[PDB]
Amino acid sequence: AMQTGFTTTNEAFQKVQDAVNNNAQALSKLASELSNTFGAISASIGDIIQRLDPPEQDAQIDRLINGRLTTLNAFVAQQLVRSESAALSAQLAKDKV
Amino acid sequence: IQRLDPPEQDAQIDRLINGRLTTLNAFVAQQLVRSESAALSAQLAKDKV
Amino acid sequence: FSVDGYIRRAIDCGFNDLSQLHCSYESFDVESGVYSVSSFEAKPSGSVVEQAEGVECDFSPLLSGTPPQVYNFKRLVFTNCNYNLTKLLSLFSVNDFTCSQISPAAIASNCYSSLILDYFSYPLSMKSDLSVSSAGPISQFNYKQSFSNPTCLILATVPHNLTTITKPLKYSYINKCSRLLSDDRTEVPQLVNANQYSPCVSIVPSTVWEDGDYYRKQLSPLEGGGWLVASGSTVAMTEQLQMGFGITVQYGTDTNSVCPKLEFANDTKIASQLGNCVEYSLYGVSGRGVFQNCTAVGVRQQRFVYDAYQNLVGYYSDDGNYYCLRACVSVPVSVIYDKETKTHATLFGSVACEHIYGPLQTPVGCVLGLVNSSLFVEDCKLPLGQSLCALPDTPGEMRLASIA
Amino acid sequence: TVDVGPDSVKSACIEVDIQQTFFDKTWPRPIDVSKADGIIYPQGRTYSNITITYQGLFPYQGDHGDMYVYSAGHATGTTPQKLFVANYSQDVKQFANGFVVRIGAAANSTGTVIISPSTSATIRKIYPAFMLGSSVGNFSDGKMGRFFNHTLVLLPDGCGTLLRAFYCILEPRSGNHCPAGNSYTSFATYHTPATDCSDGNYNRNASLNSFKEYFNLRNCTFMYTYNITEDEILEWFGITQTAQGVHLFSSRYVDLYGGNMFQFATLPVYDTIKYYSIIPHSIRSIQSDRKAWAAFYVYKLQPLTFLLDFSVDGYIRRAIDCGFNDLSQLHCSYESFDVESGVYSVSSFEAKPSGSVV
Amino acid sequence: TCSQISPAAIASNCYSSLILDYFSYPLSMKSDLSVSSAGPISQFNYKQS
Amino acid sequence: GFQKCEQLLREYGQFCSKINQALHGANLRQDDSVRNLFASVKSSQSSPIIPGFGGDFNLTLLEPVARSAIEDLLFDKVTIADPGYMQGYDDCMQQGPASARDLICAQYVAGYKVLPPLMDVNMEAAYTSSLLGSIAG
Amino acid sequence: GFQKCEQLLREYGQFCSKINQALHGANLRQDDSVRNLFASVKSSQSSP
Ligand SMILES: *[C@@H]1O[C@H](CO)[C@@H](O[C@@H]2O[C@H](CO)[C@@H](O[C@@H]3O[C@H](CO[C@H]4O[C@H](CO)[C@@H](O)[C@H](O)[C@@H]4O[C@H]4O[C@H](CO)[C@@H](O)[C@H](O)[C@@H]4O)[C@@H](O)[C@H](O[C@H]4O[C@H](CO)[C@@H](O)[C@H](O)[C@@H]4O[C@H]4O[C@H](CO)[C@@H](O)[C@H](O)[C@@H]4O)[C@@H]3O)[C@H](O)[C@H]2NC(C)=O)[C@H](O)[C@H]1NC(C)=O
Ligand SMILES: *[C@@H]1O[C@H](CO)[C@@H](O[C@@H]2O[C@H](CO)[C@@H](O[C@@H]3O[C@H](CO[C@H]4O[C@H](CO)[C@@H](O)[C@H](O)[C@@H]4O)[C@@H](O)[C@H](O[C@H]4O[C@H](CO)[C@@H](O)[C@H](O)[C@@H]4O)[C@@H]3O)[C@H](O)[C@H]2NC(C)=O)[C@H](O)[C@H]1NC(C)=O
Ligand SMILES: *[C@@H]1O[C@H](CO)[C@@H](O[C@@H]2O[C@H](CO)[C@@H](O[C@@H]3O[C@H](CO[C@H]4O[C@H](CO)[C@@H](O)[C@H](O)[C@@H]4O)[C@@H](O)[C@H](O[C@H]4O[C@H](CO)[C@@H](O)[C@H](O)[C@@H]4O)[C@@H]3O)[C@H](O)[C@H]2NC(C)=O)[C@H](O)[C@H]1NC(C)=O
Ligand SMILES: *[C@@H]1O[C@H](CO)[C@@H](O[C@@H]2O[C@H](CO)[C@@H](O[C@@H]3O[C@H](CO)[C@@H](O)[C@H](O[C@H]4O[C@H](CO)[C@@H](O)[C@H](O)[C@@H]4O)[C@@H]3O)[C@H](O)[C@H]2NC(C)=O)[C@H](O)[C@H]1NC(C)=O
Ligand SMILES: *[C@@H]1O[C@H](CO)[C@@H](O[C@@H]2O[C@H](CO)[C@@H](O[C@@H]3O[C@H](CO)[C@@H](O)[C@H](O)[C@@H]3O)[C@H](O)[C@H]2NC(C)=O)[C@H](O)[C@H]1NC(C)=O
Ligand SMILES: Nc1nc(=O)c2nc(CNc3ccc(C(=O)N[C@@H](CCC(=O)O)C(=O)O)cc3)cnc2[nH]1
Ligand SMILES: *[C@@H]1O[C@H](CO)[C@@H](O[C@@H]2O[C@H](CO)[C@@H](O)[C@H](O)[C@H]2NC(C)=O)[C@H](O)[C@H]1NC(C)=O
Ligand SMILES: *[C@@H]1O[C@H](CO)[C@@H](O[C@@H]2O[C@H](CO)[C@@H](O)[C@H](O)[C@H]2NC(C)=O)[C@H](O)[C@H]1NC(C)=O
Ligand SMILES: *[C@@H]1O[C@H](CO)[C@@H](O[C@@H]2O[C@H](CO)[C@@H](O)[C@H](O)[C@H]2NC(C)=O)[C@H](O)[C@H]1NC(C)=O
Ligand SMILES: *[C@@H]1O[C@H](CO)[C@@H](O[C@@H]2O[C@H](CO)[C@@H](O)[C@H](O)[C@H]2NC(C)=O)[C@H](O)[C@H]1NC(C)=O
Ligand SMILES: CC(=O)N[C@H]1[C@H]([C@H](O)[C@H](O)CO)O[C@@](O)(C(=O)O)C[C@@H]1O
Ligand SMILES: *[C@@H]1O[C@H](CO)[C@@H](O)[C@H](O)[C@H]1NC(C)=O
Ligand SMILES: *[C@@H]1O[C@H](CO)[C@@H](O)[C@H](O)[C@H]1NC(C)=O
Ligand SMILES: *[C@@H]1O[C@H](CO)[C@@H](O)[C@H](O)[C@H]1NC(C)=O
Ligand SMILES: *[C@@H]1O[C@H](CO)[C@@H](O)[C@H](O)[C@H]1NC(C)=O
Ligand SMILES: *[C@@H]1O[C@H](CO)[C@@H](O)[C@H](O)[C@H]1NC(C)=O
């Protein structure tokens, strides 16, 4: 009965797909955040340099830096949380085996 | 908006946005932590029953 | 730094991957392990440029007849042309030329979706009233520059020999513009919006006859009813006509086809550099990437094809071809380091050795500095992933071992 | 200034019969955003095979719009008489952010000849005429619909083979049945198919010449023409205004069989358009050769967020109006037309002020 | 006028170095020494750090 | 790669050192977790799995085909993007992104890298296979 | 509710989508936790 059980009504199976989706979400955060401007005139540093002089150029670049630093901190924090979570969970698997 | 024009108005609004975005991120992060914590804890209750 | 402060030992952090590792830990002593370091950057081997090449931007209307008053400024909108500011500026004695939200160097060299030129007669004695911080008559009722777009303001005097520009009898402006509501008690100031004309332009004549002249119009119910009222004021005409020029530029509402005139070479074509990493400037859109010939997607007339992350991923060229644009992908680098032997090897994860004892291909990428040993371990300290291990020779080169 | 040809030399205008009752029809064609109705394509770029949200000027989902229909004029046998129009010239609308127009939607269907309700005929596409400007008021007799100073007129001509756009001062003529004369009801344009819609040589000035009977054209800054290939295909037209001038959009030059609108022209009109009206049109056909004309629908635009589904070929075929309802909000938050079952929180129903205290 | 230093500070602070650039200059071209200027002086003659 | 940004990034201290060290530590933890887990699943003694293992009890979906049939089905039914551990760099240049928002090809664009697991598939299968053969005894 | 702020908020990407999805997921987890727990406390047989 289990041979054909890998369906949407199978909670264990869906949890497998969710774990996979969580890996994808972690990467989508890094990939999509680079398109943000965070208030800057462009998400492209090259455009900012192309258009502005240093006293204003620094301010626009700095917006992108703070946005991206925030993203990386958030990413790392979630990898640490997910890693710890998995490590605990690995112990649980050990106990079940 | 009542007091300032766009070149300065944006900067002041942007301060409020960054502050509020930070708050919401912190809120969500704690709900995720508290939720995970409770979920683990629910398993423990299951074992004790 | 030694105790006595002298520098006796140092690391050049950009020399190689191992040096990068020591610098990231700020230490000459780091632990054994496999560490990610900065990717090997791809560098441009050339550049490609496409710009509209054709008609120049026509500033002729500006040079003929009597310029309008500040509240009646005329607008020239330039698209799909080659612009040259010097060619305009050289005709006038420029008194003031300042830019906002764009550098001075950029205003004359960047590509724009559009360039909008607002020109009018303006006394230089009122210079300060065109400032963004001004609360005088000009910024409130006559002319205001955009706050959202980059702008430049030019004030210049018409030379005596530029006889194609004639003078008005006086300079004039609106010093009051307001509505009297239908209750006939409340008066509401009608402030001019950036890049727009004041609502009182329809009641104020092209030249104010006398300072203090008052104008009024009965508004229809469709206009909210009540009255529109205004007052004008004047400034005596100067020896030479003084003019203001407002420039506003937009950077991405269309193909940025308003560009400096560029003389093209055939070494900046896309077709001639396919497969290479190049810098590009395509009608003002720029960056680095690799062009490839591929199947046309998206709407052809829109030229630039973007992905869901707003990256440029395709381009329709004027040569009739459609190209796919890929980023100049970098080569991943990981340092395999053994602290006890002070030896190392480089792993280029997910990279075929076609791009790199020489290079050795493994299931996790290409390794440089490892020697294939067909040896098995259980006790692996430097796992490379999958079931691979770097096994120090002890010193010699690290061996590539399998985990049993 | 631009020479736009000679003035009309007629001492009188053709009498215009206004009978709004005959035009009070209910043929609703609301914007269906799932078919991408009324969508103006992202202007500086294209996308391929993705779904994204986009901020821009769009019609509201479910908006019925304002319906306008043109009709045959009065006739007795082979002699056309007075024109027959709706009360469109006095119906002045606020321009706001501009509008889009559904043109020829009913074409090929059997409809009614408006002037004679008992008579049916195959519906043919007709193009809308517009009058746009910054200031409005009344004519000498108190009727509304006069535009002051420079007015932008979008007047299709040549029996639907060209669009003529001009920006000029309209100086109402004082002859009989003209806006500054006696017995004035409404101005209207017209063409006479018997002499104007020859199979070969169409009269490309027929509607302009009739317009000129009501108004003298003075201080014209431009007059542009655009060519329209004849067909009965549903098409969209749009108009917006920015610092660059007035932008004219149309689906027929890029997405003829789709409906996405692309910019085809920019007009050097820099004063702010605040008002517009529909110029009524009446076709001076003979009594035995009356056609049914498709109604057109005008929908207002506003800055909305839409979810846009781009096909591989880049056209938008499906979209969501993110502010229409709570379900639409859900799809936009996931940037997808396919979301999972569940119970989701969405934006609260906002309370709006019903007044103010000071 | 001063930029990125207060008026009170320019006369009272200690510096690693002070660099003084002097030249003849018509007061009628005052505005062309502005950082926002796109005229001949800031483009081809003299620009401050 | 912009030198001007890097200059400004330095004003935030050793930011990237902290990002790299934190992820390095997390990644080592994952390898230690795997190594520890499999050390414990590992049997000291086991019977060989032979076709027919189970006797009257049909365990053929657990027998190695190598992964078992139920194990292959579990993997085949789950949608997983192929990280390209051996040559993903090249696949994303020669073929390009599989679809919109391809997070694997984004690695070499955005500046992130997915690392391979501590064990390959065959070794993981070896552990669960020997575990199966130990259950009865 | 201020349109000017919303315009600026859009420059931060799909920020609110991430907030809403994260909380939605957390809230579903709580319901799954409860459903699972009570499924296990539940007795198959019991005395009145
Ligand atoms: C944007 O728009 C701006 C403005 O339009 C453009 O800038 C102009 O660029 C042109 C070049 O393309 C430049 O022309 C050069 O002028 C100098 C100056 O000479 C004047 O003074 C001498 C005095 O001895 C006179 O003899 C000479 O005729 C000039 O006099 C002018 O003024 C008097 C009134 O006082 C008038 O009566 C005159 O008629 C005249 O208007 C020239 O020396 C220079 O000549 C060299 O280049 C030309 C190119 O055609 C060539 O034919 C000459 O033989 C000579 O070339 C040789 O020497 C050069 C080195 O200099 C070497 O490179 C060559 O190989 C040869 O060996 C030329 O005529 C003009 O001044 C600029 N104007 C401004 C305001 O900047 C700008 O280019 C545009 N940008 C873009 C991208 O389009
Ligand atoms: C935007 O569009 C509006 C609407 O068309 C324009 O406003 C109209 O302006 C005209 C003038 O150009 C008004 O017409 C008449 O103007 C006369 C002005 O007198 C001077 O000029 C005349 C020569 O034209 C000389 O002979 C005279 O000596 C003066 O030097 C008025 O005297 C006229 O008054 C008549 O009508 C009034 C009733 O309304 C009677 O009480 C008078 O006795 C007399 O019979 C007349 O006003 C026209 O009326 C204005 N229309 C409206 C609705 O106000 C705007 O000017 C235009 N804006 C721009 C910027 O172009
Ligand atoms: C009133 O009645 C007239 C007919 O008398 C209708 O006009 C037709 O409308 C249809 C639908 O818009 C048109 O069909 C389309 O034709 C396009 C091009 O046709 C030419 O090229 C093809 C080969 O590619 C030839 O076979 C053909 O003979 C022509 O020479 C096609 O490209 C269209 O296909 C695209 O859209 C469809 C639908 O989304 C996709 O499935 C396709 O993959 C592709 O993307 C389509 O077939 C037809 O050509 C028109 N005929 C005429 C004479 O104009 C009016 O629309 C109708 N009016 C109203 C209001 O209903
Ligand atoms: C139908 O509508 C069209 C508009 O779509 C209208 O077109 C206009 O025709 C007139 C001629 O009747 C054009 O005016 C000419 O333009 C040329 C430009 O090169 C000038 O050189 C001409 O100058 C001579 O003729 C003048 C006559 O008034 C003399 O005064 C002058 O000294 C010269 O001898 C003349 O200005 C006009 O440019 C076009 N406009 C547009 C927008 O195309 C056409 O006339 C209308 N037809 C009818 C029957 O009404
Ligand atoms: C032990 O259990 C396995 C199932 O886990 C049995 O194998 C299965 O046998 C059936 C026979 O009816 C196979 O059905 C066939 O499927 C194909 C499509 O793949 C279809 O075309 C055929 O017409 C037929 O319906 C089934 O696929 C097969 N499954 C597997 C995984 O092999 C096995 O026979 C049992 N052994 C004993 C001794 O009972
Ligand atoms: N001269 C002329 N012009 C026309 O455009 C015209 N159109 C019609 C038919 N018009 C219509 C338009 C819509 C529906 C219709 O089916 N509407 C739906 C409701 C759509 C909705 O509200 O979502 C309905 O069920 O009534 C019917 C007839 C008939 N005579 C005409 N005659
Ligand atoms: C357009 O996008 C769809 C996805 O929405 C692509 O369809 C996918 O194609 C891959 C590769 O063959 C399959 O693995 C997915 O299962 C497909 N998904 C769906 C929903 O069909 C489609 O191939 C794309 N079209 C083009 C020309 O790129
Ligand atoms: C022109 O005709 C229209 C349509 O008959 C009039 O608009 C209607 O006005 C009545 C009230 O008198 C409303 O109950 C209807 O709902 C309106 N219909 C529509 C479609 O809006 C309009 O007022 C008339 N305008 C003039 C100047 O006569
Ligand atoms: C419209 O154009 C005319 C020229 O064709 C402008 O000049 C007036 O023209 C009329 C008719 O020939 C003369 O009676 C006036 O005396 C002229 N006035 C001037 C000052 O020359 C007219 O001013 C223009 N109108 C607008 C609003 O621009
Ligand atoms: C718009 O359509 C008109 C009418 O077909 C085009 O004018 C014709 O151009 C040809 C070629 O120069 C001449 O031989 C005809 O005599 C012209 N006819 C008329 C009535 O003028 C016009 O060129 C088209 N415009 C565009 C941009 O294509
Ligand atoms: C708007 C209007 O008055 N329409 C009337 C027409 C016209 O008078 C004729 O078409 C003149 O050509 O005549 C009718 O008999 C008809 O044809 O049904 C009655 C109809 O109400
Ligand atoms: C104007 O041109 C003449 C030559 O025709 C010249 O002598 C005179 O100096 C010029 N005037 C100015 C102000 O440059
Ligand atoms: C390419 O440019 C060179 C000048 O550098 C010219 O001599 C050559 O003919 C050009 N070839 C083509 C195909 O344009
Ligand atoms: C690109 O491919 C098309 C076929 O799809 C071919 O016709 C065209 O010549 C190629 N262009 C280049 C520059 O190779
Ligand atoms: C090492 O050599 C053996 C043959 O002795 C070969 O089977 C194995 O694949 C090689 N390993 C690598 C990484 O090339
Ligand atoms: C509008 O109607 C009034 C009626 O008193 C008239 O005096 C006025 O002149 C009319 N408006 C226009 C523009 O003629």
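The figures that follow rest on heavy atoms only: side chains count, while hydrogens, waters and symmetry mates do not. Every chain is numbered from 1, with letters handed out A, B, ... down the list of sequences. Numbering of ligands and ligand atoms starts at 1, following listing order.
- For C:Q301, there are no side chain to side chain donor-acceptor pair (under 3.5 Å) partners two or more places apart in sequence or in a different chain.
- Using a 30° and 60° split on the angle between ring planes, D:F187 and D:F211 fall in the perpendicular class, above 60°.
- Contact annotation for atom 13 (C) of ligand 7: protein absent (non-hydrogen atoms, distance under 4.0 Å).
- Note that atom 10 (C) of ligand 7 has no protein non-hydrogen atoms nearby, at separations under 4.0 angstrom.
- In this structure, atom 2 (O) of ligand 7 has protein heavy atoms in its sub-4.0 angstrom surroundings.
- Note on C:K170 versus C:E210: no salt bridge recorded, every NZ/NE/NH1/NH2 to OD/OE distance being 4.0 Å or above.
- For atom 24 (C) of ligand 7, the nearest protein heavy atom is under 4.0 Å away.
- Ring-plane geometry between D:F310 and D:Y47 is classed as tilted, the angle between the planes lying from 30 to 60 degrees on a 0 to 90 degree scale.
- Under 4.0 Å is where a charged nitrogen must lie from a carboxylate oxygen, and between D:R218 and D:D7 at least one such pair does.
- Taking a cutoff of 4.0 Å between a charged side-chain nitrogen and a carboxylate oxygen, C:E239 and C:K167 do not qualify as a salt bridge.
- Counting only heavy atoms, the protein never gets under 4.0 Å from atom 21 (O) of ligand 7.
- Crowding of C:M243 atom CE: a count of heavy atoms from other residues, nucleotides or ligands under 6.0 Å exceeding 12.
- Within 4.0 Å of ligand 2, counting heavy atoms only, the contacting residues are C:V201, C:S202, C:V204, D:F148, D:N149.
- In summary, the aromatic rings of C:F245 and C:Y122 are positioned with their centroids too far apart to meet the 6.0 Å limit.
- Annotation: atom 4 (C) of ligand 7 to nearest protein heavy atom, F:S99 OG, 4.5 Å.
- Residues of the protein with a heavy atom under 4.0 Å from ligand 12 are C:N161, listed by chain and number.
- Of all the atoms in ligand 7, the ones that sit under 4.0 Å from a non-hydrogen atom of D:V312 are 27 (C).
- Across all their heavy atoms, C:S202 and C:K217 have their closest contact at OG-NZ, 3.0 Å.
- Residue nearest to atom 26 (C) of ligand 7, selected from C:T295, D:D313, D:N49: D:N49 (by heavy-atom distance).
- D:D91 pairs by the salt bridge (charged side-chain N to carboxylate O under 4.0 Å, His left out) definition with D:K93, not counting sequence neighbours.
- Under a cutoff of 6.0 Å and an axis angle of 45°, D:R318 and D:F337 form a cation-pi pair.
- Aromatic rings from C:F73 and C:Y119 are positioned such that their centres are separated by 6.0 Å or more.
- Using bins of under 30°, 30° to 60° and over 60° for the plane-to-plane angle, the ring pair C:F120/C:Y143 lands in the tilted bin.
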